[PDB]
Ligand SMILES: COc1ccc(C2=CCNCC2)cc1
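Before any questions on binding or motion, here is one chain by itself as structure tokens, the form deposited without the ligand.
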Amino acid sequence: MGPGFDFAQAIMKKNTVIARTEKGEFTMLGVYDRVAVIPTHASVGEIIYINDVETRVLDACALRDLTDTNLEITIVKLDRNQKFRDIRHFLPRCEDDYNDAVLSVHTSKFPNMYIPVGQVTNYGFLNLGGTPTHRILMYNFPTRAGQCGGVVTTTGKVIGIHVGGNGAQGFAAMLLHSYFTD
């Protein structure tokens, strides 16, 4: 509808796949080469389905901060025959607050879904499903089941992936450039 939705669509159309684990279907953001991200509660194993194709997992790492606190981001390297467009230059370098974000989801239940969530707060600490979690972004939208893994963007930036909600607010795990250096 406007330039926020334009940037979101450009990310969705080239840098997402549908990931299926034994815990459900998730929006999955591809970042570069065969490297993608998914919420850690997806419980990635040795095999995952990517757009309904059986795919070997070459590596999976559940990220934690240097205090050994959950970040709710798992970085997955896929045994896929195709690379993702490299979008690492759209990742923020530091923790920040944002204006005017979009949450974008693509699954069997919610294809081509875009939500203007408005202002994004650097919330920090969240007890997420009973797990102490750091680097949480918060937005005042009543997000629902089916949205985990959804991509949070501003114009110019890919800032997080949706990991939860409390019925009135939604919560995303930050993406930082430093997670994807090699």
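Residue numbers here begin at 1 and follow the sequence given.
One more form of this protein exists, namely the form deposited with the ligand bound; it is left out here, but the text below deals with it.
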Quiz item: Any of the heavy atoms of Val120 lying within 4.5 Å of the ligand in the bound PDB entry?
Solution: no
Quiz item: Can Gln82 be called a contact residue for the ligand in the bound PDB entry at 4.5 Å between heavy atoms?
Solution: yes
Quiz item: Using a 4.5 Å cut-off on heavy atoms, what residues in 4-30 are near the ligand in the bound PDB entry?
Solution: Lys14, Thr16, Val17
